[PDB]
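Chemist: Sending over a structure as structure tokens; questions will come in a sec.
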Amino acid sequence: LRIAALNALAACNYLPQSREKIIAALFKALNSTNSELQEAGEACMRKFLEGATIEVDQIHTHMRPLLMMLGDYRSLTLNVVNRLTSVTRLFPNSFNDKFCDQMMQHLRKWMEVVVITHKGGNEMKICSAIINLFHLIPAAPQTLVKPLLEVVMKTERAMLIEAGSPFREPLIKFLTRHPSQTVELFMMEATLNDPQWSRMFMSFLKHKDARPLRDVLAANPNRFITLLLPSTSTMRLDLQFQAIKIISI
């Protein structure tokens, strides 16, 4: 009933007198702890925006209670991250670089909590959703790639998981947004020698969505020619093997 009422209300996008009340109701539904009501709020807001504008001040005022609450990392429940995801999908401008830095800090703390829980034996879903949030914020800088890769590698190494890791699916979405930065970070000599990073690079390159990364690598074949061979000799043969594996992919 609430969803049907919200859908009927969002259809009144053309009445200029109504808009403030409708926008308030849509933001209330978009922030609902109920999952179905949250999704309905997102869909109704998307429909409402097709025929009505909404100001940035309205978005900030309506989202202020949630943004103030997420100052601490324990406040980031899966519902809160879902609401932030919906807000950044509807209103990409809303979130800036400092929000990305705060989300990075919270993600680091939640990954530490995931590692602690694994050592002792929803936090994995919180972590995955937080990683997924980054690629939907247009203001997310390429400088996030290195800390994000470092924290994911640390968590996976602690948990000893590669195939079952749920961090790869959102991370590859973020990496494909900055493919040159990712390729240059992984194609460093020390990083190509470090077997864990080389494995993570090969796994990312094999992904279906990793076409931008492979296109970036393919655009400069001359990079491989330095790695094809002209205790140091052990490193050069490893670099040649990594090069031939990348070319094979």
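Labels for the structure tokens follow display order: chains A, B, ..., residues from 1 in each chain, ligands from 1.
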Going by DSSP on the backbone, which residues of segment 10-54 of chain A come out as helix (DSSP H, G or I)? List them as an MDAnalysis selection string.
Modeler: chainID A and resid 10 19:30 35:49
Chemist: Let me see the file: selected residues, C-alpha atoms, as a PDB file, in the first residue's frame.
Modeler:
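Result went into again-v7.pdb, see below:
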```pdb
ATOM      1  CA  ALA A  10       5.402  10.696  -7.643  1.00  0.00           C
ATOM      2  CA  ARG A  19       6.680  19.488  -5.198  1.00  0.00           C
ATOM      3  CA  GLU A  20       8.145  20.187  -1.747  1.00  0.00           C
ATOM      4  CA  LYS A  21       5.807  17.716  -0.012  1.00  0.00           C
ATOM      5  CA  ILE A  22       6.293  15.077  -2.718  1.00  0.00           C
ATOM      6  CA  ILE A  23      10.084  15.437  -2.551  1.00  0.00           C
ATOM      7  CA  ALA A  24       9.919  15.112   1.238  1.00  0.00           C
ATOM      8  CA  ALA A  25       7.842  11.928   0.978  1.00  0.00           C
ATOM      9  CA  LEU A  26      10.158  10.496  -1.686  1.00  0.00           C
ATOM     10  CA  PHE A  27      13.207  11.152   0.474  1.00  0.00           C
ATOM     11  CA  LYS A  28      11.462   9.599   3.476  1.00  0.00           C
ATOM     12  CA  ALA A  29      10.799   6.459   1.427  1.00  0.00           C
ATOM     13  CA  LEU A  30      14.338   6.500   0.013  1.00  0.00           C
ATOM     14  CA  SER A  35      14.421  -2.832   1.743  1.00  0.00           C
ATOM     15  CA  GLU A  36      11.330  -2.959  -0.478  1.00  0.00           C
ATOM     16  CA  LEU A  37      10.290   0.546   0.561  1.00  0.00           C
ATOM     17  CA  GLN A  38      13.844   1.784  -0.056  1.00  0.00           C
ATOM     18  CA  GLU A  39      13.885   0.347  -3.582  1.00  0.00           C
ATOM     19  CA  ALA A  40      10.416   1.754  -4.257  1.00  0.00           C
ATOM     20  CA  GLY A  41      11.603   5.154  -3.063  1.00  0.00           C
ATOM     21  CA  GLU A  42      14.562   5.017  -5.434  1.00  0.00           C
ATOM     22  CA  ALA A  43      12.352   4.030  -8.373  1.00  0.00           C
ATOM     23  CA  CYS A  44       9.738   6.689  -7.580  1.00  0.00           C
ATOM     24  CA  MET A  45      12.429   9.355  -7.266  1.00  0.00           C
ATOM     25  CA  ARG A  46      13.821   8.284 -10.636  1.00  0.00           C
ATOM     26  CA  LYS A  47      10.343   8.608 -12.151  1.00  0.00           C
ATOM     27  CA  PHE A  48       9.737  11.957 -10.426  1.00  0.00           C
ATOM     28  CA  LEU A  49      12.990  13.420 -11.765  1.00  0.00           C
TER      29      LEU A  49
END
```
Chemist: Which residues are near segment 115-117 of chain A? Cut-off 8 Å, only C-alpha atoms, ignore same chain within fewer than 5 positions. Put them as an MDAnalysis selection string.
Modeler: chainID A and resid 155 158:159
Chemist: Would you work out the distance separating atom CA of residue 180 of chain A from atom CA of residue 215 of chain A, expressed in Å to one decimal?
Modeler: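 It comes out at 9.5 Å.
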Chemist: Pick out the residues sitting within 7 Å of segment 191-205 of chain A, and hand them over as a PDB file with N, CA and C atoms, in the first residue's frame; count only C-alpha atoms, and ignore anything fewer than 2 positions along from it in its own chain.
Modeler:
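Listed below is the output, part-v2.pdb:
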```pdb
ATOM      1  N   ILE A 172      36.618  -4.495  -9.389  1.00  0.00           N
ATOM      2  CA  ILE A 172      36.870  -4.448 -10.824  1.00  0.00           C
ATOM      3  C   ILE A 172      36.022  -3.367 -11.477  1.00  0.00           C
ATOM      4  N   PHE A 186      50.018  -1.929 -11.263  1.00  0.00           N
ATOM      5  CA  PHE A 186      50.364  -3.348 -11.309  1.00  0.00           C
ATOM      6  C   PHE A 186      51.596  -3.642 -12.158  1.00  0.00           C
ATOM      7  N   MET A 187      51.813  -2.900 -13.240  1.00  0.00           N
ATOM      8  CA  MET A 187      52.944  -3.173 -14.121  1.00  0.00           C
ATOM      9  C   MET A 187      54.279  -2.668 -13.586  1.00  0.00           C
ATOM     10  N   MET A 188      54.340  -2.186 -12.349  1.00  0.00           N
ATOM     11  CA  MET A 188      55.627  -1.872 -11.751  1.00  0.00           C
ATOM     12  C   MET A 188      56.440  -3.150 -11.570  1.00  0.00           C
ATOM     13  N   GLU A 189      57.763  -3.012 -11.685  1.00  0.00           N
ATOM     14  CA  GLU A 189      58.647  -4.174 -11.634  1.00  0.00           C
ATOM     15  C   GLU A 189      58.542  -4.908 -10.303  1.00  0.00           C
ATOM     16  N   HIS A 207      38.846 -11.008 -16.138  1.00  0.00           N
ATOM     17  CA  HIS A 207      37.438 -10.746 -15.897  1.00  0.00           C
ATOM     18  C   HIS A 207      36.740 -10.272 -17.170  1.00  0.00           C
ATOM     19  N   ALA A 210      36.830  -6.413 -17.548  1.00  0.00           N
ATOM     20  CA  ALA A 210      38.155  -5.812 -17.569  1.00  0.00           C
ATOM     21  C   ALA A 210      38.614  -5.420 -18.959  1.00  0.00           C
ATOM     22  N   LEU A 213      41.010  -2.401 -19.037  1.00  0.00           N
ATOM     23  CA  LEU A 213      42.374  -2.701 -18.612  1.00  0.00           C
ATOM     24  C   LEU A 213      43.168  -3.370 -19.727  1.00  0.00           C
ATOM     25  N   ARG A 214      42.555  -4.337 -20.408  1.00  0.00           N
ATOM     26  CA  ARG A 214      43.231  -5.012 -21.508  1.00  0.00           C
ATOM     27  C   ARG A 214      43.471  -4.066 -22.676  1.00  0.00           C
ATOM     28  N   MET A 235      64.823 -12.621 -11.360  1.00  0.00           N
ATOM     29  CA  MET A 235      63.780 -11.609 -11.490  1.00  0.00           C
ATOM     30  C   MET A 235      63.394 -11.386 -12.947  1.00  0.00           C
ATOM     31  N   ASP A 238      61.190 -14.175 -14.216  1.00  0.00           N
ATOM     32  CA  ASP A 238      59.844 -14.008 -13.675  1.00  0.00           C
ATOM     33  C   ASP A 238      59.090 -12.909 -14.412  1.00  0.00           C
ATOM     34  N   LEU A 239      59.757 -11.791 -14.701  1.00  0.00           N
ATOM     35  CA  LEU A 239      59.116 -10.719 -15.456  1.00  0.00           C
ATOM     36  C   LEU A 239      58.733 -11.178 -16.857  1.00  0.00           C
TER      37      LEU A 239
END
```
Chemist: Name all residues at most 9 Å from residue 240 of chain A (count only C-alpha atoms; drop same-chain ones fewer than 2 positions away) and give them as a PDB file with N, CA and C atoms, in the first residue's frame.
Modeler:
```pdb
ATOM      1  N   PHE A 224      55.978  -4.454 -23.048  1.00  0.00           N
ATOM      2  CA  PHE A 224      56.341  -5.865 -22.935  1.00  0.00           C
ATOM      3  C   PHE A 224      57.756  -6.152 -23.429  1.00  0.00           C
ATOM      4  N   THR A 226      60.467  -4.613 -23.039  1.00  0.00           N
ATOM      5  CA  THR A 226      61.452  -4.486 -21.968  1.00  0.00           C
ATOM      6  C   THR A 226      61.437  -5.695 -21.036  1.00  0.00           C
ATOM      7  N   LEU A 227      60.299  -6.374 -20.910  1.00  0.00           N
ATOM      8  CA  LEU A 227      60.191  -7.509 -20.000  1.00  0.00           C
ATOM      9  C   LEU A 227      60.597  -8.828 -20.644  1.00  0.00           C
ATOM     10  N   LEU A 228      60.412  -8.968 -21.955  1.00  0.00           N
ATOM     11  CA  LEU A 228      61.016 -10.083 -22.673  1.00  0.00           C
ATOM     12  C   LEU A 228      62.536 -10.016 -22.576  1.00  0.00           C
ATOM     13  N   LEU A 229      63.145 -11.151 -22.226  1.00  0.00           N
ATOM     14  CA  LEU A 229      64.521 -11.171 -21.741  1.00  0.00           C
ATOM     15  C   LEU A 229      65.484 -10.621 -22.790  1.00  0.00           C
ATOM     16  N   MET A 235      64.823 -12.621 -11.360  1.00  0.00           N
ATOM     17  CA  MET A 235      63.780 -11.609 -11.490  1.00  0.00           C
ATOM     18  C   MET A 235      63.394 -11.386 -12.947  1.00  0.00           C
ATOM     19  N   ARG A 236      64.376 -11.378 -13.847  1.00  0.00           N
ATOM     20  CA  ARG A 236      64.093 -11.104 -15.252  1.00  0.00           C
ATOM     21  C   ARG A 236      63.285 -12.228 -15.892  1.00  0.00           C
ATOM     22  N   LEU A 237      63.569 -13.478 -15.521  1.00  0.00           N
ATOM     23  CA  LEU A 237      62.786 -14.606 -16.018  1.00  0.00           C
ATOM     24  C   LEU A 237      61.367 -14.612 -15.463  1.00  0.00           C
ATOM     25  N   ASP A 238      61.190 -14.175 -14.216  1.00  0.00           N
ATOM     26  CA  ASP A 238      59.844 -14.008 -13.675  1.00  0.00           C
ATOM     27  C   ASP A 238      59.090 -12.909 -14.412  1.00  0.00           C
ATOM     28  N   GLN A 242      55.607 -13.307 -16.477  1.00  0.00           N
ATOM     29  CA  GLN A 242      54.446 -12.446 -16.266  1.00  0.00           C
ATOM     30  C   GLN A 242      54.024 -11.759 -17.559  1.00  0.00           C
ATOM     31  N   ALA A 243      54.995 -11.304 -18.348  1.00  0.00           N
ATOM     32  CA  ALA A 243      54.700 -10.665 -19.625  1.00  0.00           C
ATOM     33  C   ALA A 243      53.995 -11.621 -20.577  1.00  0.00           C
ATOM     34  N   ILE A 244      54.532 -12.832 -20.725  1.00  0.00           N
ATOM     35  CA  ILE A 244      53.920 -13.820 -21.612  1.00  0.00           C
ATOM     36  C   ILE A 244      52.519 -14.195 -21.137  1.00  0.00           C
ATOM     37  N   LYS A 245      52.308 -14.264 -19.821  1.00  0.00           N
ATOM     38  CA  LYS A 245      50.964 -14.513 -19.299  1.00  0.00           C
ATOM     39  C   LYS A 245      49.994 -13.369 -19.602  1.00  0.00           C
TER      40      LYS A 245
END
```
Chemist: Between atom CA of residue 17 of chain A and atom CA of residue 93 of chain A, what is the distance, to one decimal in Å?
Modeler: 25.9 Å
Chemist: Please build the interface table for segment 35-81 of chain A against segment 119-143 of chain A with a cut-off of 9 Å, listing for each qualifying residue the nearest atom pair and the distance in Å to one decimal; count only C-alpha atoms, order rows by chain and increasing number, and write it as JSON lines.
Modeler:
```
{"residue": "A:76", "atom": "CA", "partner": "A:126", "partner_atom": "CA", "distance": 7.4}
{"residue": "A:77", "atom": "CA", "partner": "A:126", "partner_atom": "CA", "distance": 6.6}
{"residue": "A:78", "atom": "CA", "partner": "A:126", "partner_atom": "CA", "distance": 5.2}
{"residue": "A:79", "atom": "CA", "partner": "A:126", "partner_atom": "CA", "distance": 8.9}
{"residue": "A:81", "atom": "CA", "partner": "A:129", "partner_atom": "CA", "distance": 6.5}
```
Chemist: Could you list, as a short mmCIF file (atom, residue, chain, number, x, y, z; two decimals) with N, CA and C atoms, in the first residue's frame, every residue within 12 Å of residue 57 of chain A, counting only C-alpha atoms and ignoring same-chain residues fewer than 6 positions away?
Modeler:
```
data_model
loop_
_atom_site.label_atom_id
_atom_site.label_comp_id
_atom_site.auth_asym_id
_atom_site.auth_seq_id
_atom_site.Cartn_x
_atom_site.Cartn_y
_atom_site.Cartn_z
N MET A 63 19.18 14.80 3.02
CA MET A 63 20.15 13.77 3.35
C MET A 63 21.01 14.10 4.57
N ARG A 64 20.87 15.30 5.13
CA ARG A 64 21.69 15.68 6.27
C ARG A 64 21.58 14.74 7.47
N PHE A 91 21.61 11.14 -7.63
CA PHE A 91 22.20 12.47 -7.54
C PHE A 91 23.72 12.36 -7.48
N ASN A 93 26.22 14.18 -8.24
CA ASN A 93 26.95 15.35 -7.75
C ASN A 93 27.09 15.37 -6.23
N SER A 94 26.14 14.77 -5.51
CA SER A 94 26.03 14.96 -4.06
C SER A 94 27.32 14.65 -3.31
#
```
Chemist: Using only C-alpha atoms, can you tell me which of A:231, A:82, A:165, A:31 comes closest to residue 65 of chain A?
Modeler: A:31
Chemist: A:66, A:111, A:1, A:190: which is nearest residue 153 of chain A, counting only C-alpha atoms?
Modeler: A:111
